[PDB]
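> Please read through the structure below; I'll follow up with questions.
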Amino acid sequence: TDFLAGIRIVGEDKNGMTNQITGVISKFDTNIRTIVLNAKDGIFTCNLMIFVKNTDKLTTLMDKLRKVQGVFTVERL
Amino acid sequence: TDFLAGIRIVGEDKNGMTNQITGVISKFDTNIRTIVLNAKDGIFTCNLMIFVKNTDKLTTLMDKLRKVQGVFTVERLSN
């Protein structure tokens with residue numbers, strides 16, 4: 001019942017942004033499949049592919065990511 | 001001051017390893033610039049670009065990653 005889901009995060013690259021984002025994703029109950037993260041010229045972008053048990057897990061993770069300082073948007077791909 | 005360095009990690013895609021490696025990287029005391037991680041064919045590869053203090057510091061981060069059971073290789077990237 002687990003399925004592959006994608007999430008895109010965009011924000012400003014300030015105050016250890018990347019460490020916080022990677023910390024949240026790694027600690028969460030999900031199986032990371034792919035990460036394409038770049039932080040240059042003050043902007044942060046990250047496309048994540050993960051295996052999730054259900055939609056509740058996916059939306060919960062997206063909600064946590066939105067609370068990280070500097071994040072503009074978190075959208076499902 | 002800090003300079004840009006690259007690190008490549010290759011390991012087994014089992015037992016929560018991708019999450020484990022991402023966690024180790026997040027706990028690093030450095031400025032992460034790029035992460036390209038992909039899990040496929042039973043393994044995962046991860047190219048990381050970070051701004052680091054000096055070579056001694058870089059070596060300590062690579063040693064931390066190499067000590068994670070399940071990691072096959074950790075090498076410094078050039079270019």
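Chains: A, B, ... in order of the structure tokens. Residues: from 1 per chain. Ligands: from 1, in order shown.
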Extract the full set of strand (DSSP E) residues from chain A according to DSSP on the backbone, and format it as a PDB file with N, CA and C atoms, in the first residue's frame.


ATOM      1  N   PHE A   3       3.263   4.012  -1.448  1.00  0.00           N
ATOM      2  CA  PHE A   3       3.393   4.542  -2.801  1.00  0.00           C
ATOM      3  C   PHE A   3       4.448   5.629  -2.861  1.00  0.00           C
ATOM      4  N   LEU A   4       4.959   5.861  -4.063  1.00  0.00           N
ATOM      5  CA  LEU A   4       5.969   6.879  -4.300  1.00  0.00           C
ATOM      6  C   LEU A   4       5.274   8.242  -4.425  1.00  0.00           C
ATOM      7  N   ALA A   5       5.809   9.242  -3.733  1.00  0.00           N
ATOM      8  CA  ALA A   5       5.257  10.591  -3.775  1.00  0.00           C
ATOM      9  C   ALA A   5       6.404  11.577  -3.950  1.00  0.00           C
ATOM     10  N   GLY A   6       6.100  12.734  -4.523  1.00  0.00           N
ATOM     11  CA  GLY A   6       7.113  13.748  -4.726  1.00  0.00           C
ATOM     12  C   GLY A   6       6.723  15.050  -4.050  1.00  0.00           C
ATOM     13  N   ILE A   7       7.717  15.746  -3.517  1.00  0.00           N
ATOM     14  CA  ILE A   7       7.495  17.022  -2.852  1.00  0.00           C
ATOM     15  C   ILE A   7       8.527  18.021  -3.349  1.00  0.00           C
ATOM     16  N   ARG A   8       8.092  19.256  -3.572  1.00  0.00           N
ATOM     17  CA  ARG A   8       9.012  20.304  -3.987  1.00  0.00           C
ATOM     18  C   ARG A   8       8.967  21.404  -2.936  1.00  0.00           C
ATOM     19  N   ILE A   9      10.143  21.839  -2.503  1.00  0.00           N
ATOM     20  CA  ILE A   9      10.259  22.893  -1.504  1.00  0.00           C
ATOM     21  C   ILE A   9      11.073  24.041  -2.093  1.00  0.00           C
ATOM     22  N   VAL A  10      10.591  25.268  -1.915  1.00  0.00           N
ATOM     23  CA  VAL A  10      11.318  26.439  -2.383  1.00  0.00           C
ATOM     24  C   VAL A  10      11.339  27.425  -1.218  1.00  0.00           C
ATOM     25  N   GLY A  11      12.491  28.052  -1.003  1.00  0.00           N
ATOM     26  CA  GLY A  11      12.630  29.013   0.077  1.00  0.00           C
ATOM     27  C   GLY A  11      13.888  29.854  -0.073  1.00  0.00           C
ATOM     28  N   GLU A  12      14.172  30.687   0.924  1.00  0.00           N
ATOM     29  CA  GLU A  12      15.373  31.510   0.893  1.00  0.00           C
ATOM     30  C   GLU A  12      16.471  30.742   1.634  1.00  0.00           C
ATOM     31  N   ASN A  31      10.630   6.772   3.405  1.00  0.00           N
ATOM     32  CA  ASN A  31      11.796   6.165   2.776  1.00  0.00           C
ATOM     33  C   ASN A  31      12.246   7.076   1.627  1.00  0.00           C
ATOM     34  N   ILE A  32      13.326   7.816   1.847  1.00  0.00           N
ATOM     35  CA  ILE A  32      13.828   8.721   0.816  1.00  0.00           C
ATOM     36  C   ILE A  32      14.335   7.948  -0.394  1.00  0.00           C
ATOM     37  N   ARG A  33      13.869   8.331  -1.578  1.00  0.00           N
ATOM     38  CA  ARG A  33      14.293   7.668  -2.808  1.00  0.00           C
ATOM     39  C   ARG A  33      15.236   8.542  -3.634  1.00  0.00           C
ATOM     40  N   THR A  34      14.940   9.837  -3.681  1.00  0.00           N
ATOM     41  CA  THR A  34      15.744  10.769  -4.458  1.00  0.00           C
ATOM     42  C   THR A  34      15.708  12.156  -3.839  1.00  0.00           C
ATOM     43  N   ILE A  35      16.844  12.843  -3.869  1.00  0.00           N
ATOM     44  CA  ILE A  35      16.921  14.214  -3.375  1.00  0.00           C
ATOM     45  C   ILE A  35      17.698  15.033  -4.403  1.00  0.00           C
ATOM     46  N   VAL A  36      17.125  16.141  -4.863  1.00  0.00           N
ATOM     47  CA  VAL A  36      17.847  17.046  -5.761  1.00  0.00           C
ATOM     48  C   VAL A  36      17.650  18.400  -5.065  1.00  0.00           C
ATOM     49  N   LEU A  37      18.664  18.799  -4.304  1.00  0.00           N
ATOM     50  CA  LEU A  37      18.639  20.017  -3.512  1.00  0.00           C
ATOM     51  C   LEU A  37      19.753  20.969  -3.919  1.00  0.00           C
ATOM     52  N   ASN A  38      19.415  22.241  -4.088  1.00  0.00           N
ATOM     53  CA  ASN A  38      20.416  23.232  -4.457  1.00  0.00           C
ATOM     54  C   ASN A  38      20.146  24.525  -3.705  1.00  0.00           C
ATOM     55  N   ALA A  39      21.204  25.160  -3.211  1.00  0.00           N
ATOM     56  CA  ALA A  39      21.073  26.428  -2.496  1.00  0.00           C
ATOM     57  C   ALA A  39      22.149  27.358  -3.034  1.00  0.00           C
ATOM     58  N   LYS A  40      21.739  28.285  -3.890  1.00  0.00           N
ATOM     59  CA  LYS A  40      22.669  29.228  -4.491  1.00  0.00           C
ATOM     60  C   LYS A  40      22.035  30.598  -4.647  1.00  0.00           C
ATOM     61  N   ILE A  43      18.728  31.472  -2.821  1.00  0.00           N
ATOM     62  CA  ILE A  43      17.511  30.712  -3.050  1.00  0.00           C
ATOM     63  C   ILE A  43      17.726  29.217  -2.833  1.00  0.00           C
ATOM     64  N   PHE A  44      16.741  28.573  -2.216  1.00  0.00           N
ATOM     65  CA  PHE A  44      16.774  27.144  -1.921  1.00  0.00           C
ATOM     66  C   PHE A  44      15.701  26.396  -2.709  1.00  0.00           C
ATOM     67  N   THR A  45      16.087  25.307  -3.372  1.00  0.00           N
ATOM     68  CA  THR A  45      15.115  24.473  -4.076  1.00  0.00           C
ATOM     69  C   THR A  45      15.435  23.012  -3.768  1.00  0.00           C
ATOM     70  N   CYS A  46      14.402  22.214  -3.532  1.00  0.00           N
ATOM     71  CA  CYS A  46      14.603  20.801  -3.250  1.00  0.00           C
ATOM     72  C   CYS A  46      13.443  19.955  -3.751  1.00  0.00           C
ATOM     73  N   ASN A  47      13.750  19.002  -4.631  1.00  0.00           N
ATOM     74  CA  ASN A  47      12.757  18.059  -5.142  1.00  0.00           C
ATOM     75  C   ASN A  47      13.090  16.744  -4.436  1.00  0.00           C
ATOM     76  N   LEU A  48      12.094  16.186  -3.764  1.00  0.00           N
ATOM     77  CA  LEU A  48      12.240  14.964  -2.990  1.00  0.00           C
ATOM     78  C   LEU A  48      11.284  13.885  -3.488  1.00  0.00           C
ATOM     79  N   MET A  49      11.775  12.651  -3.615  1.00  0.00           N
ATOM     80  CA  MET A  49      10.921  11.521  -3.989  1.00  0.00           C
ATOM     81  C   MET A  49      11.032  10.599  -2.771  1.00  0.00           C
ATOM     82  N   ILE A  50       9.891  10.194  -2.234  1.00  0.00           N
ATOM     83  CA  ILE A  50       9.862   9.357  -1.044  1.00  0.00           C
ATOM     84  C   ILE A  50       8.797   8.276  -1.154  1.00  0.00           C
ATOM     85  N   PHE A  51       8.985   7.180  -0.417  1.00  0.00           N
ATOM     86  CA  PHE A  51       7.977   6.123  -0.343  1.00  0.00           C
ATOM     87  C   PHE A  51       7.221   6.474   0.945  1.00  0.00           C
ATOM     88  N   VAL A  52       5.901   6.613   0.873  1.00  0.00           N
ATOM     89  CA  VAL A  52       5.114   6.914   2.069  1.00  0.00           C
ATOM     90  C   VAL A  52       4.075   5.821   2.288  1.00  0.00           C
ATOM     91  N   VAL A  71      11.118  28.882   4.279  1.00  0.00           N
ATOM     92  CA  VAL A  71      10.381  28.147   3.250  1.00  0.00           C
ATOM     93  C   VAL A  71       9.238  28.979   2.664  1.00  0.00           C
ATOM     94  N   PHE A  72       9.222  29.132   1.341  1.00  0.00           N
ATOM     95  CA  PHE A  72       8.164  29.884   0.679  1.00  0.00           C
ATOM     96  C   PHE A  72       6.994  28.950   0.413  1.00  0.00           C
ATOM     97  N   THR A  73       7.288  27.827  -0.231  1.00  0.00           N
ATOM     98  CA  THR A  73       6.247  26.879  -0.591  1.00  0.00           C
ATOM     99  C   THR A  73       6.663  25.419  -0.466  1.00  0.00           C
ATOM    100  N   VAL A  74       5.683  24.555  -0.221  1.00  0.00           N
ATOM    101  CA  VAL A  74       5.900  23.113  -0.176  1.00  0.00           C
ATOM    102  C   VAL A  74       4.709  22.602  -0.991  1.00  0.00           C
ATOM    103  N   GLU A  75       4.994  21.958  -2.114  1.00  0.00           N
ATOM    104  CA  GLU A  75       3.928  21.467  -2.977  1.00  0.00           C
ATOM    105  C   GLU A  75       4.167  20.026  -3.379  1.00  0.00           C
ATOM    106  N   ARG A  76       3.087  19.299  -3.631  1.00  0.00           N
ATOM    107  CA  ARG A  76       3.215  17.915  -4.044  1.00  0.00           C
ATOM    108  C   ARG A  76       3.456  17.874  -5.551  1.00  0.00           C
TER     109      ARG A  76
END

> Using only C-alpha atoms and a cut-off of 6 Å, which residues of chain B sit close to chain A? Please list them as a VMD selection string.

chain B and resid 18 to 19 22 to 23 26 33 to 39

> Out of B:9, B:65, B:48, B:74, which residue has the shortest atom-to-atom distance to residue 31 in chain B when counting only C-alpha atoms?

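Using only C-alpha atoms, residue 31 in chain B sits closest to B:48.
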
> Compare B:3, B:28, B:51, B:44 by their minimum atom-to-atom distance to residue 63 in chain B, counting only C-alpha atoms, and give me the closest one.

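The shortest atom-to-atom distance to residue 63 in chain B comes from B:28.
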
> Please indicate the distance in Å from CA of residue 17 in chain B to CA of residue 47 in chain B, rounded to one decimal place.

15.1 Å

> What is the CA of residue 6 in chain B to CA of residue 67 in chain A distance in Å?

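Computed distance, CA of residue 6 in chain B to CA of residue 67 in chain A, equals 29.2 Å.
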
> Using only C-alpha atoms, which of the listed residues (A:56, A:42, A:70, A:14) sits closest to residue 2 in chain A?

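Smallest separation from residue 2 in chain A among the options: A:56.
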
> Just the number, please: distance in Å from CA of residue 64 in chain B to CA of residue 40 in chain B, one decimal.

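About the pair CA of residue 64 in chain B and CA of residue 40 in chain B: they are 23.3 Å apart.
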
> Could you find all residues in chain B that DSSP calls alpha helix (DSSP H) from the backbone, and write them as a PyMOL selection string?

chain B and resi 17-27+55-66
